[PDB]
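Below is one structure, written out as structure tokens, with a few remarks after it.
In this analysis, Cβ positions are derived from the backbone assuming ideal geometry, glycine residues included, and neighbour counts consider all displayed protein chains. Derivation of every value follows stated rules applied to the coordinates shown; laboratory data play no part.
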There are 2 protein chains.
Amino acid sequence: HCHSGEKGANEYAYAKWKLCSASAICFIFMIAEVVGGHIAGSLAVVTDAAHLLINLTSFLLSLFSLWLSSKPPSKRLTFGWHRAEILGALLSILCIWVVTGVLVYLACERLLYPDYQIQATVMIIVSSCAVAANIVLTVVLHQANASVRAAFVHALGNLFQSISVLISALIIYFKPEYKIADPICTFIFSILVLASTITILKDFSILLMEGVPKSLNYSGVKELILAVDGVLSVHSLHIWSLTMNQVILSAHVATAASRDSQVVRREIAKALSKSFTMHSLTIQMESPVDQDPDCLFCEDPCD
Amino acid sequence: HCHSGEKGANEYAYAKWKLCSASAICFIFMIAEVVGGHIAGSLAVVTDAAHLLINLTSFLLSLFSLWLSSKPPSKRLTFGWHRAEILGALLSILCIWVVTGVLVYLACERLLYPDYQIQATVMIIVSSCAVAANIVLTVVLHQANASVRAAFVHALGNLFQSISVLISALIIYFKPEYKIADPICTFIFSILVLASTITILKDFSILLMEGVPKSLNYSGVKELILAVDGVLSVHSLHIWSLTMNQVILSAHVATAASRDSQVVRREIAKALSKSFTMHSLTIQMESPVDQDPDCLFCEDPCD
Ligand SMILES: [Zn+2]
Ligand SMILES: [Zn+2]
Ligand SMILES: [Zn+2]
């Protein structure tokens with residue numbers, strides 16, 4: 001019948017906790033260490049307490065993306081609302097890029113305006129919690145689902161940014177004669193952030209461009225299909241992916257003309273669903289006749 | 001043979017001119033009206049001459065997206081590099097959102113710091129060219145290809161932003177007693193920008209989520225297919241789209257068991273390619289047997 005029905009359902013549920021819990025943890029931390037600013041110096045933690053609101057924002061946005069992904073397939077969005085996950089993830093990552101650019105420009109400003117001073121010891125304790133809080137905010141998002149993996153890279157990034165004042169603070173406190181080791185620290189650590197976002201960006205860009213999923217390999221799939229009896233030649237094998245774990249596949253095959261078709265494609269479906277989980281298959285089951293010199297449109301992926 | 005080979009090839013060529021020409025026009029304008037700043041007041045046009053560089057940047061980025069779209073299909077990117085167009089377009093539009101947010105924040109700053117003054121007559125002539133130049137930069141991008149349509153919305157947006165100082169300038173010159181009609185102008189006109197970007201964003205988001213293309217209609221396609229003789233029931237009709245004009249389709253059909261299959265799907269392909277151009281079709285041609293009460297996974301798009 002070519003439609004097979006808890007292994008997937010439960011996973012949407014786990015992340016839903018791995019985010020709501022992390023969002024709540026960041027909520028607690030932001031609340032506490034902002035009320036610890038009104039009842040003390042009022043320009044102490046707000047600047048750090050800022051970032052925490054950004055992380056919370058990204059976490060709630062990723063959770064919103066999950067809730068969207070839950071929605072059922074419609075007439076307009078046929079396959080379902082799945083890629084909403086990847087979309088929210090890519091939006092969050094571009095927001096990392098934007099926020100980091102903003103921070104780098106403010107660092108350059110502080111450089112061009114060295115007329116500024118901050119007590120280099122209380123500057124550390126405020127950094128330590130920010131590092132510690134980020135340590136916790138990361139280890140909960142330790143990968144997975146495109147949504148959580150987008151929140152982790154978003155969290156880890158803050159960690160490098162978080163120490164980027166601590167490791168700077170110590171160098172300021174232990175030798176305030178320098179005063180210009182902080183901007184270079186923000187620079188290099190923003191670059192580290194950007195490297196991690198480069199990894200995730202490459203992966204989700206390959207996803208959005210209907211690229212074959214990393215988890216698989218095209219020529220391996222052609223071998224795996226052609227390794228079945230009745231077939232003679234498989235042309236136009238396209239295999240893209242939905243968010244992460246919904247691999248689709250669509251192929252033309254040319255089988256033994258006098259052979260019964262439907263058993264051949266049934267066997268192909270069994271072989272494929274045996275090697276790896278699917279989400280749909282539409283094998284066209286063409287005939288022996290094919291205009292081979294003209295199949296250049298479906299000769300093979302050049303690569 | 002199910003593979004049919006100048007109607008499409010020439011279109012990549014037209015836009016390639018509709019961008020390179022517009023990029024060059026903006027290049028000319030920026031050059032001229034920046035050298036008209038060194039040889040006069042040096043804080044006159046640079047701020048306007050700034051956004052021209054942003055428009056040029058977006059135009060060259062869209063052209064880069066086109067050049068990517070030209071690349072052939074590979075083993076990793078099976079369908080081809082097509083959606084690179086949509087990706088570059090969405091990036092450019094999010095950059096519109098970012099730049100407009102930046103401008104709105106600087107407007108709020110000018111508000112909270114009314115300690116500032118600018119001659120309200122020379123402020124107009126610098127605005128008029130910016131409006132005129134934007135008038136020209138837009139009417140060349142008058143739509144189409146996802147790349148150009150992304151450059152037009154990007155250009156038109158600057159127009160509203162461009163007059164957003166002129167219409168402000170006049171009100172400053174004709175009554176400098178007000179001095180606070182400029183921020184509200186930037187506000188409302190940024191909102192207009194954001195509305196246009198909302199339209200384009202909705203469309204390309206529907207595209208990226210494998211939504212059926214606007215140009216078509218699902219139930220219309222089911223009627224158009226089921227209107228052919230041999231078929232009995234079509235389930236799991238998925239029809240997404242590549243960038244704009246590469247519509248794909250993939251369907252299971254259940255036809256008369258004793259009937260010859262391949263003629264049925266050949267006729268379906270003829271009917272579809274008759275109603276509207278395609279880019280691929282993989283009709284599975286299932287049998288009469290189907291487990292109807294269990295097809296809930298392929299019952300129909302709820303909507
Ligand atoms: Zn062919
Ligand atoms: Zn089916
Ligand atoms: Zn079914």
**Message:** So if I take the centroid of the Cα atoms in the range B:64-109 and the same for the range B:196-241, what is the distance between those two points in Å?
**Reply:** 24 Å
**Request:** Within 10 Å, count the other beta carbons around each residue, average over each peptide in A:267-276, A:244-253, and list them highest first.
**Result:** A:244-253, A:267-276
**Shielding score for A:67-77, defined as the mean number of other chain Cβ atoms within 10 Å** = 4
**Asked** Can you give the translational diffusion coefficient of the range B:51-162 in µm²/s, computed by Stokes-Einstein from the Kirkwood radius over Cα pairs at 25 °C and 0.890 mPa s?
**Response** 154 µm²/s
**Complete:** Averaging 1/r across every pair of distinct alpha carbons in the range A:246-303 and inverting yields a Kirkwood hydrodynamic radius, in angstrom, of 12.9 Å
**Request:** Can you figure out the FRET efficiency of B:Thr277 with A:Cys302, using R₀ = 30 Å and their beta-carbon distance, to the nearest 0.05?
**Result:** 0.80
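A:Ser128 to B:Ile39: FRET efficiency via 1/(1 + (r/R0)^6), r the Cβ-Cβ distance, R0 51 Å, to the nearest 0.05?
Efficiency at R0 = 51 Å is approximately 0.40.
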**Asked** On average over all directions, what projected area in square nanometres does the range A:170-219 have, based on the convex hull of its Cα atoms?
**Response** 5.1 nm²
**Message:** As a check on your reading of the symmetry: which chain A residue has its Cβ nearest the axis that brings A onto B, and how far is it in Å?
**Reply:** A:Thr282, 2
**Message:** Please report, for B:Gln262, the nm distances (one decimal) from its label point, 7 Å out from Cα along the beta-carbon direction, to the equivalent points in the remaining copies, shortest first.
**Reply:** 1.9
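What is the mean projected area of the alpha carbon convex hull for the range B:1-48, to one decimal in square nanometres?
4.8 nm²
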**Prompt:** Separation between the A:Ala13 and B:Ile118 pseudo-spin-labels, each 7 Å from Cα along Cα→Cβ, expressed in nm?
**Reply:** 5.9 nm
**Asked** Taking the Cα centre of the protein assembly as shown as the origin, how large is its charge dipole in debye, to the nearest 20, when only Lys and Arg (+1) and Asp and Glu (-1) carry charge on their Cβ atoms?
**Response** 300 debye
**Message:** Which one, B:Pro73, B:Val104, B:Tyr218, is farthest towards the positive end of the dipole of the protein assembly as shown when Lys and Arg carry +1 and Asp and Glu -1 on their Cβ?
**Reply:** B:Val104
**Request:** Find the Cα radius of gyration of the protein assembly as shown, compare it with 2.2 N^0.38 Å by division, and give the number to two decimals.
**Result:** 1.14
**Message:** Suppose you put the label 7 Å out from Cα in the Cβ direction; list, shortest first and in nm with one decimal, how far A:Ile135 is from each other copy's label.
**Reply:** 6.4
**Message:** Can you give the log10 of the normalised intensity I(q)/I(0) at q = 0.10 Å⁻¹, computed with Debye over equal Cα scatterers of chain A?
**Reply:** -0.69
**Request:** May I ask for the percentage of alpha-carbon pairs in the range B:158-303 that lie more than 19 Å from each other?
**Result:** 65 percent
**Asked** Residues of B:208-219, mean number of Cβ from any other protein chain within 10 Å of their own Cβ, rounded to a whole number?
**Response** 5
**Prompt:** Each label point is 7 Å from the Cα along the Cα-to-Cβ direction; what then is the distance between the points at B:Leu111 and A:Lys179, in nm?
**Reply:** 3.6 nm
**Integer Hz, Karplus 6.51/-1.76/1.60 couplings in order for the range A:239-255, x for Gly and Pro** = 9, 9, 9, 7, 2, 10, 10, 10, 7, 9, 7, 7, 9, 9, 10, 10, 10
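Which pairs break 20 Å Cα to Cα here: A:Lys16/A:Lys75; A:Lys16/B:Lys202; B:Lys16/B:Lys71?
A:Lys16/A:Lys75; A:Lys16/B:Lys202
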**Prompt:** Distance in nm between label sites at B:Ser70 and B:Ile135, each 7 Å beyond Cα in the beta-carbon direction?
**Reply:** 3.4 nm
**Asked** How far is A:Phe297 from itself in the other copies, in nm, if each label sits 7 Å out from Cα along the Cα-Cβ line, shortest first?
**Response** 3.1
